[PDB]
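Student:
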Amino acid sequence: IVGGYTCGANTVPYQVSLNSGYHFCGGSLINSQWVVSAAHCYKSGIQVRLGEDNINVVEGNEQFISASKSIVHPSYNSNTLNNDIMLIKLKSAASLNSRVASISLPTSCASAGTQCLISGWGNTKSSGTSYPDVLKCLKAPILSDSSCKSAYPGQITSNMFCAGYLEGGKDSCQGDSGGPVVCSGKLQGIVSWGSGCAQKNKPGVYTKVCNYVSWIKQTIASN
Ligand SMILES: [Ca+2]
C-alpha cells in the first residue's frame, strides 16, 4: 500500500496473507472455510495466515491453515486479467473471533464515488521497494466508468473497476494483490492490477466482486 496508514492490529479481521515461505498475496475471509483472492495469485503450496498484523513475528491471534483447494475462475485470462478471482478452501475451518472474521459479499454493486477500504502488506513505495511488517490501510473512492476507461482504454472489462486517486501518491501495489476492497461492510473489490503504483492518472484496477456472487456461492456449495 502506497500513501496509506498503519491499520492497527486486527482492525481488518477479514484480511488474510497467502504464504509460501513468504508473503506473496492478500485475500479475504468470506466464511470459516473459504477465502477470496485473485486468480493471478494462484500457486501450489498455499498456506493461509489469518489474524495477522506483524507478518514477520508471531504475536498471538494467528491461525496458519493450509489450503485444501484453490479454484481459479475457469474463464480467468492471464493476458487481460478478466475474471481475476480465485476461491481457496481451508484444510480446516478457521476459528472465528473478534480478530478473525468474515467479510460480507455484496448484494448490489457499488457506485462511483463510493469510499472503500483497501489493505495489504504490499510495497509502500511508488518507486523502489519497502515492504512493511504490519498491515497498511488506504481509503479510496471508486472511480467512474469513463474515468476508468479513459485511464486504460480498451483494457477495462465489465468485471473491472478503478478505485483510487488520479493525482498520484495513493494506491495498492505489489504484495497487495488478491486483497480486499471493502465498501460499507461489503467486499466489492479484489486487488488486481495497475500501471506501476500511485502514478498520476494510473489508478488501481480491481475485480468487480458483485459480478461473482452467484459463481462464488455455487462454487462453494459444490465443493
Ligand atoms: Ca504475525
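Using PDB author numbering, the letters of the sequence shown correspond one by one to residues 253, 17 to 34, 37 to 67, 69 to 125, 127 to 130, 132 to 184, 184A, 185 to 188, 188A, 189 to 204, 209 to 217, 219 to 221, 221A, 222 to 245. For each residue, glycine too, the CB sits at the ideal point set by N, CA and C.
(1) Please check the pair residue 213 and residue 43, which I expect to be a contact at CB under 8 Å, by giving their CB distance rounded to whole angstroms.
(2) Is it buried or exposed for residue 82, if we count other Cβ within 10 angstroms and need 16 for buried?
(3) How is residue 183 classed by DSSP in three states: helix, strand or coil?
(4) CB-CB under 7 Å to residue 69, same chain, minus the five flanking residues each way: which ones, in chain order?
(5) Looking only at its chain, what residues have a beta carbon closer than 6 Å to the beta carbon of residue 195, apart from the 5 residues adjacent to it on each side?
(6) Nearest-angstrom Cα distance between residue 174 and residue 63?
(7) Just curious, the beta strand (DSSP E) that residue 89 is in, first and last residue?
(8) In whole angstroms, what separates the C-alpha of residue 94 from that of residue 27?
(9) Alpha carbon to alpha carbon, what distance is there between residue 74 and residue 154?
(10) Is DSSP giving residue 232 helix, strand or coil here?
(11) So, at 8 Å on beta carbons, what are the nonlocal neighbours of residue 159 in its own chain, with the 5 sequence-adjacent residues on each side left out?
(12) Beta carbon of residue 75: closer than 6 Å to some heavy atom of ligand 1?
(13) What residue does the alpha helix (DSSP H) around residue 169 start on, and which one ends it?
(14) So what does residue 161 bridge to, in DSSP terms?
(15) Distance check for residue 230 and residue 244, CA to CA, integer angstroms please.
Tutor: Reading it off the structure:
(1) 6 Å
(2) By the 10 Å Cβ count, residue 82 comes out exposed.
(3) Strand at residue 183.
(4) 25, 79, 80, 81, 117, 118
(5) These residues qualify, in order along the chain: 42, 55, 58, 213.
(6) 33 Å
(7) 81-90
(8) 27 Å
(9) 8 Å
(10) helix
(11) 135, 136, 137, 138
(12) yes
(13) 165-171
(14) 135
(15) 22 Å
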